[PDB]
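Below is one structure, written out as structure tokens, with a few remarks after it.
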Amino acid sequence: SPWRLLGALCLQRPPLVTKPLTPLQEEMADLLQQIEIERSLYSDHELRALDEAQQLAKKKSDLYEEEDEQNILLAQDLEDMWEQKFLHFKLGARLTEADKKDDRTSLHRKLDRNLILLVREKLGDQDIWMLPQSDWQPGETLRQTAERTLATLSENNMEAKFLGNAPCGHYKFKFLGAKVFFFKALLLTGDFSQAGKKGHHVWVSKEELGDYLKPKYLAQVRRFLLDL
Amino acid sequence: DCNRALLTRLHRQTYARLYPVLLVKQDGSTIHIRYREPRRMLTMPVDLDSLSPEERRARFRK
Amino acid sequence: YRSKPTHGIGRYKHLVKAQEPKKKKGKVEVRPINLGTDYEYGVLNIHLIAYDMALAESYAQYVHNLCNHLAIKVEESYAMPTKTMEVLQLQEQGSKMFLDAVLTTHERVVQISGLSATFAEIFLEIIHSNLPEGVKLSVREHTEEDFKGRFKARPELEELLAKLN
Amino acid sequence: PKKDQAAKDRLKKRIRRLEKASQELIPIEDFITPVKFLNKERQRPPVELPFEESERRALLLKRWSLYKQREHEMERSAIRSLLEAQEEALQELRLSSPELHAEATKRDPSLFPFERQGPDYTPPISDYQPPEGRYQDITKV
Amino acid sequence: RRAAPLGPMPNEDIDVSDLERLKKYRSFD
């Protein structure tokens, strides 16, 4: 019985921004902040603020110079200047996909979730939206084959961190049989050159992944893919 | 799943009051830090990452 | 009695092996058992570095509980000495440096005993998926430098070595 | 030369004596409370938690406990699914070829210096320029 | 002189080797 062997790579991009909080989690965080403030003893800023507030009231009846330079340097004017600087400084836009709503192929598509790469290939007998697979002679290792595939097929300088040498998933189909071994890899930094190429490469999350992948062999990738 | 171990407080008895300051490093990204002196924002500077030639170039540009 | 059939019914010292009445000596001798297939390597240090002490402690507790749940032999769960960096920002118009703030970074290290390749992959996936914000994660082998990092310097020993050389 | 040799011998003896000493760790400042916190405790006023706040806090605690239990259950189900997929893949590898199974059951040397950082609250801003500033360490020895 | 026990011993079920992987109870209750 002839056997065909293929590796395959599942590249996960780390989420850049933290996910938003459930309202239950927001309530819990507010409760934790309140109880932490209650159990706290005192802060230097608050102690100085209350001391200055009492000292001003005492001086309004006893005109005597207790502190000259440090009157508004604690809170008051200083707090207002802090707030002014915070308002003047502007942070980055966390929604870099809602403004676009067009490109599903951008590496900067989603920042809260993890994305995987899907490549479109139309073979002579099959038109498959296929995960990036490989081919190797029996003299090669699966992990080295995956490294060679990510170095060659991706056509870019990309740093992939492999989690473990052991395979992550195995899937077989018999016509003579064939086997595909999916290994998970993590993206560290990729400089994808020629982003306008005709090679349909799409960064895709779990839901759109289930939407795209039709066949049953590729429909079980979510079995070992983290749902997050 | 990044919000798993985020909702916690100081489990100690004696401690000063901390505030959720926004710290921005030399990358353009910000994080939340429990820190006294409730300044609304803190910035990480840099004057040692590069060598003498790049330091002189930066000084000339500034 | 020795001749009675019920001999050794009170035998209990074989059920517990914790009989080390030593002051503080540590073993620190588990070499990585790498046999090709059952790659049961040595002790591993998981370092969590964070400016937020509460967040660092929370994630250390979470990873320790996860290790306990996953039947992982946790050798230790300790804290490295804190590092307090001082921010000296250049004032406007240049030629000045003023104190901005102080940041105290804290490191919590979990020392685990043994692990396999597949379970290590799964554990790393879980850890990096559940990583909080602004926390640096490191996974290293327990070396002499890591063991001595907690200990303080030896100025007298260094001076004696310098005099010898 | 006799005096020099005696000095070297005494240096070696001092080396032995100092190596026979203890290797106590550095005290951790987090676990020890500084003296500056002893004066601010008496000035802290009580909070007088009311009945409605206590009841809503109890409700929130119960909801949080249930949510944490469900989150732990779903995470354990997910790791169980991942482990069963891993063991199925390993068994298929063992059935197919033993050499690849043996080559994969070992850990690569590249995983020893595993470094990793978590997410951030704000995505990085392109062409961001920190103005200036120098770092120094004030950590005590 | 040794004699054979007249039945199963109480603590002969648990394995002596590898005590660290065997779960213990930490409660006097």
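Each chain in the structure tokens gets a letter, A, B, ..., in the order shown, and its residues are numbered from 1; ligands are numbered from 1 in order too.
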* **Selection near residue 12 in chain E, 12 Å with only C-alpha atoms, sequence-local residues under 5 positions removed, as a PyMOL selection string** => (chain C and resi 8-12+14-15) or (chain E and resi 5+7)
If we count only C-alpha atoms and set the cut-off at 10 Å, which residues sit around range 138-141 of chain A, ignoring sequence neighbours fewer than 3 positions away in its own chain? Please answer as a JSON list (two decimals) with C-alpha atoms, in the first residue's frame.
[["chain", "number", "residue", "atom", "x", "y", "z"],
["A", 5, "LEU", "CA", 3.45, 12.05, 3.53],
["A", 7, "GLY", "CA", 3.71, 18.35, 6.56],
["A", 135, "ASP", "CA", 6.45, 17.96, 0.64],
["A", 144, "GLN", "CA", 12.87, 21.21, 9.11],
["A", 145, "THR", "CA", 10.39, 20.73, 6.25],
["A", 146, "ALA", "CA", 8.01, 23.19, 7.92],
["A", 147, "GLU", "CA", 10.86, 25.69, 8.37],
["A", 165, "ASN", "CA", 9.07, 19.18, 17.88],
["D", 100, "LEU", "CA", 9.75, 9.96, 12.82],
["D", 103, "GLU", "CA", 12.70, 11.98, 16.21],
["D", 104, "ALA", "CA", 9.62, 13.98, 17.25]]
* Give as a ChimeraX atom specification every residue of chain C that touches chain B within 12 Å, counting only C-alpha atoms. => /C:50-63,65-66,85-95,97,99-105,125-135
Output file for the selection above: N, CA and C atoms, as a short mmCIF file (atom, residue, chain, number, x, y, z; two decimals), in the first residue's frame:
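As a result, out-v9.cif now contains:
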data_model
loop_
_atom_site.label_atom_id
_atom_site.label_comp_id
_atom_site.auth_asym_id
_atom_site.auth_seq_id
_atom_site.Cartn_x
_atom_site.Cartn_y
_atom_site.Cartn_z
N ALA C 50 7.21 41.90 35.92
CA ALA C 50 6.15 42.89 35.75
C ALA C 50 6.40 44.08 36.67
N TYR C 51 5.96 45.25 36.22
CA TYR C 51 5.98 46.43 37.08
C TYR C 51 4.87 46.42 38.11
N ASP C 52 3.74 45.79 37.80
CA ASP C 52 2.61 45.70 38.72
C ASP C 52 2.81 44.48 39.61
N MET C 53 3.08 44.73 40.89
CA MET C 53 3.32 43.64 41.83
C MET C 53 2.08 42.76 41.97
N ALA C 54 0.90 43.38 42.03
CA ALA C 54 -0.33 42.60 42.16
C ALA C 54 -0.55 41.71 40.95
N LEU C 55 -0.34 42.25 39.75
CA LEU C 55 -0.51 41.45 38.54
C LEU C 55 0.51 40.32 38.47
N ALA C 56 1.76 40.60 38.84
CA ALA C 56 2.78 39.56 38.83
C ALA C 56 2.43 38.44 39.81
N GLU C 57 2.00 38.81 41.02
CA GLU C 57 1.60 37.80 42.00
C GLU C 57 0.40 37.00 41.52
N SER C 58 -0.57 37.68 40.90
CA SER C 58 -1.75 36.98 40.39
C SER C 58 -1.38 35.97 39.32
N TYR C 59 -0.52 36.36 38.38
CA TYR C 59 -0.15 35.42 37.33
C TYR C 59 0.73 34.29 37.86
N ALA C 60 1.58 34.58 38.84
CA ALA C 60 2.35 33.51 39.47
C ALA C 60 1.44 32.51 40.17
N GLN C 61 0.43 33.01 40.88
CA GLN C 61 -0.54 32.13 41.51
C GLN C 61 -1.29 31.31 40.47
N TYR C 62 -1.69 31.94 39.37
CA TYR C 62 -2.43 31.23 38.33
C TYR C 62 -1.58 30.11 37.72
N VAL C 63 -0.32 30.41 37.40
CA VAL C 63 0.52 29.39 36.79
C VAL C 63 0.84 28.28 37.78
N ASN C 65 -1.14 27.25 40.25
CA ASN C 65 -2.35 26.44 40.35
C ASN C 65 -2.53 25.58 39.11
N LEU C 66 -2.21 26.12 37.93
CA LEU C 66 -2.30 25.33 36.71
C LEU C 66 -1.32 24.16 36.74
N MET C 85 14.28 51.04 39.01
CA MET C 85 14.89 51.95 38.05
C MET C 85 14.38 53.36 38.26
N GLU C 86 15.27 54.33 38.07
CA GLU C 86 14.96 55.75 38.22
C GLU C 86 14.92 56.39 36.84
N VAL C 87 13.86 57.15 36.57
CA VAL C 87 13.71 57.82 35.28
C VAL C 87 14.27 59.23 35.40
N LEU C 88 15.28 59.54 34.59
CA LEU C 88 15.87 60.87 34.53
C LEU C 88 15.56 61.43 33.14
N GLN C 89 14.58 62.33 33.07
CA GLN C 89 14.12 62.87 31.80
C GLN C 89 14.80 64.20 31.52
N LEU C 90 15.13 64.43 30.25
CA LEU C 90 15.76 65.68 29.84
C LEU C 90 14.73 66.80 29.83
N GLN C 91 14.98 67.84 30.61
CA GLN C 91 14.05 68.95 30.72
C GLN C 91 14.04 69.75 29.41
N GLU C 92 12.99 70.56 29.25
CA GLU C 92 12.85 71.39 28.07
C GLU C 92 14.05 72.32 27.92
N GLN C 93 14.38 72.64 26.67
CA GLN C 93 15.53 73.44 26.25
C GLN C 93 16.85 72.71 26.43
N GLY C 94 16.84 71.47 26.91
CA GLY C 94 18.04 70.66 26.95
C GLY C 94 19.01 70.99 28.07
N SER C 95 20.12 70.25 28.11
CA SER C 95 21.20 70.48 29.08
C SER C 95 20.70 70.37 30.52
N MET C 97 18.60 67.29 33.40
CA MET C 97 18.02 65.98 33.67
C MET C 97 17.32 66.04 35.02
N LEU C 99 14.36 64.29 37.81
CA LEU C 99 13.75 63.04 38.26
C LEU C 99 12.28 63.01 37.86
N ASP C 100 11.88 61.99 37.11
CA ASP C 100 10.49 61.83 36.71
C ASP C 100 9.74 60.90 37.66
N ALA C 101 10.21 59.66 37.80
CA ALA C 101 9.54 58.68 38.65
C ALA C 101 10.49 57.51 38.90
N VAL C 102 9.99 56.53 39.64
CA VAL C 102 10.71 55.30 39.94
C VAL C 102 9.80 54.13 39.59
N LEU C 103 10.36 53.13 38.91
CA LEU C 103 9.62 51.93 38.54
C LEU C 103 10.27 50.72 39.20
N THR C 104 9.51 50.00 40.01
CA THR C 104 10.00 48.82 40.71
C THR C 104 9.46 47.58 40.00
N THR C 105 10.31 46.93 39.22
CA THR C 105 9.95 45.70 38.53
C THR C 105 10.22 44.51 39.43
N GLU C 125 1.51 27.00 25.10
CA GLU C 125 0.35 27.57 24.41
C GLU C 125 -0.61 28.19 25.41
N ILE C 126 -0.92 27.46 26.49
CA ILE C 126 -1.85 27.97 27.49
C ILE C 126 -1.30 29.23 28.16
N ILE C 127 -0.01 29.21 28.50
CA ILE C 127 0.58 30.35 29.20
C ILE C 127 0.57 31.59 28.32
N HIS C 128 1.01 31.45 27.06
CA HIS C 128 1.03 32.61 26.18
C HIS C 128 -0.36 33.05 25.75
N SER C 129 -1.36 32.17 25.84
CA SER C 129 -2.73 32.59 25.57
C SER C 129 -3.32 33.34 26.76
N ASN C 130 -2.96 32.94 27.98
CA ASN C 130 -3.50 33.56 29.19
C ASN C 130 -2.56 34.62 29.77
N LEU C 131 -1.53 35.01 29.03
CA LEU C 131 -0.62 36.04 29.50
C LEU C 131 -1.37 37.35 29.73
N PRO C 132 -1.18 38.01 30.87
CA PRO C 132 -1.79 39.33 31.08
C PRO C 132 -1.07 40.40 30.28
N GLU C 133 -1.48 41.65 30.44
CA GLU C 133 -0.88 42.76 29.71
C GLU C 133 0.32 43.30 30.46
N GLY C 134 1.38 43.63 29.72
CA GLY C 134 2.57 44.20 30.31
C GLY C 134 3.33 43.28 31.23
N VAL C 135 3.36 41.99 30.94
CA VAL C 135 4.10 41.01 31.73
C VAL C 135 5.04 40.25 30.80
#
* Please identify every residue of chain E that has at least one atom no more than 9 Å from any atom of chain C, counting only C-alpha atoms, and report them as a PyMOL selection string. => chain E and resi 1-6+9-11+14-16+19-21
* To do: Counting only C-alpha atoms, collect the residues of chain A whose closest atom lies at most 6 Å from chain D, and write them out as a PyMOL selection string.
  => chain A and resi 16-18+41-42+92+94+165-166+168-170+224
* Asked: DSSP says helix (DSSP H, G or I) for which residues of chain D? Put them as a VMD selection string?
  -> chain D and resid 2 to 19 35 to 37 51 to 96 98 to 104 109 to 111
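For chain A, the residues within 6 Å of chain B are residues 29, 40, 41, 42, 43, 45, 86 and 228 of chain A, with only C-alpha atoms used to measure distance.
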* Expected answer as a PyMOL selection string: strand (DSSP E or B) residues in range 35-142 of chain A -> chain A and resi 115-122+127-130+133
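Ranking D:32, D:66, D:49, D:95 by their shortest atom-to-atom distance to chain B, with only C-alpha atoms included, puts D:32 first.
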* Structure fact -> Atom pair CA of residue 174 in chain A + CA of residue 142 in chain A, distance 20.7 Å
* To do: Can you work out the spacing between CA of residue 220 in chain A and CA of residue 72 in chain D in Å, to one decimal?
  => 23.2 Å
Write out, as CSV, each residue of chain A that has an atom at most 12 Å from chain C, together with the closest pair of atoms and their distance in Å to one decimal, counting only C-alpha atoms, rows going by chain and rising number.
residue,atom,partner,partner_atom,distance
A:12,CA,C:125,CA,10.5
A:13,CA,C:129,CA,11.1
A:14,CA,C:129,CA,8.4
A:15,CA,C:129,CA,8.9
A:16,CA,C:133,CA,9.7
A:17,CA,C:133,CA,8.5
A:18,CA,C:133,CA,6.9
A:19,CA,C:133,CA,10.1
A:32,CA,C:54,CA,11.8
A:36,CA,C:54,CA,11.1
A:112,CA,C:129,CA,11.3
A:113,CA,C:129,CA,9.8
A:114,CA,C:129,CA,9.3
A:161,CA,C:121,CA,11.6
A:162,CA,C:121,CA,9.1
A:163,CA,C:121,CA,5.3
A:164,CA,C:121,CA,5.2
A:165,CA,C:117,CA,7.1
A:166,CA,C:118,CA,6.1
A:167,CA,C:118,CA,8.2
A:168,CA,C:118,CA,8.3
A:169,CA,C:118,CA,11.5
A:183,CA,C:121,CA,10.8
A:184,CA,C:121,CA,9.3
A:185,CA,C:125,CA,10.2
A:186,CA,C:125,CA,9.5
A:224,CA,C:122,CA,9.9
A:225,CA,C:125,CA,10.0
A:226,CA,C:129,CA,8.3
A:227,CA,C:129,CA,9.9
A:228,CA,C:129,CA,7.3
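Across D:9, D:73, D:127, D:137, the tightest approach to chain C is made by D:137 when counting only C-alpha atoms.
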Quick one: residues within 12 Å of residue 53 in chain A, only C-alpha atoms, excluding same-chain residues fewer than 5 positions away - as a tab-separated table (two decimals) with N, CA, C and O atoms, in the first residue's frame?
chain	number	residue	atom	x	y	z
A	46	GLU	N	-2.12	61.93	48.56
A	46	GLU	CA	-3.33	62.23	49.31
A	46	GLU	C	-3.00	62.82	50.68
A	46	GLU	O	-3.69	63.74	51.14
A	47	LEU	N	-1.97	62.30	51.34
A	47	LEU	CA	-1.58	62.83	52.64
A	47	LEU	C	-1.15	64.28	52.53
A	47	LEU	O	-1.56	65.13	53.33
A	48	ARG	N	-0.32	64.60	51.52
A	48	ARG	CA	0.10	65.98	51.33
A	48	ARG	C	-1.07	66.87	50.95
A	48	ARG	O	-1.15	68.02	51.38
A	58	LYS	N	-6.22	76.59	58.38
A	58	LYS	CA	-5.65	77.14	59.60
A	58	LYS	C	-5.01	78.50	59.36
A	58	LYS	O	-5.12	79.41	60.19
A	59	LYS	N	-4.33	78.66	58.22
A	59	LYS	CA	-3.68	79.93	57.90
A	59	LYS	C	-4.67	81.03	57.60
A	59	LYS	O	-4.37	82.21	57.86
A	60	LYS	N	-5.86	80.70	57.09
A	60	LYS	CA	-6.89	81.70	56.85
A	60	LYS	C	-7.30	82.43	58.13
A	60	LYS	O	-7.82	83.54	58.04
A	70	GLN	N	5.68	75.01	48.34
A	70	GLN	CA	4.74	73.90	48.18
A	70	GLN	C	3.35	74.29	48.68
A	70	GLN	O	2.99	73.98	49.82
A	71	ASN	N	2.58	74.96	47.84
A	71	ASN	CA	1.19	75.27	48.16
A	71	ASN	C	0.26	74.61	47.15
A	71	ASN	O	-0.68	73.90	47.52
A	72	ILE	N	0.52	74.84	45.85
A	72	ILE	CA	-0.24	74.19	44.79
A	72	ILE	C	0.56	73.11	44.08
A	72	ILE	O	0.04	72.48	43.14
A	74	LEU	N	1.25	70.27	45.09
A	74	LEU	CA	0.60	68.99	45.35
A	74	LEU	C	-0.86	69.09	44.97
A	74	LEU	O	-1.59	69.93	45.51
A	75	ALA	N	-1.29	68.22	44.05
A	75	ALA	CA	-2.63	68.28	43.46
A	75	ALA	C	-2.91	69.68	42.93
A	75	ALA	O	-1.99	70.37	42.49
A	76	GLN	N	-4.18	70.10	42.99
A	76	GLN	CA	-4.59	71.43	42.56
A	76	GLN	C	-4.02	71.78	41.19
A	76	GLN	O	-4.41	71.20	40.18
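If you look at CA of residue 41 in chain C and CA of residue 109 in chain D, they are 11.0 Å away from each other.
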* Asked: Hey, what's within 7 Å of residue 179 in chain A if we count only C-alpha atoms and toss same-chain stuff fewer than 5 positions away? As number ranges by chain, please?
  -> A: 4-6, 171-173
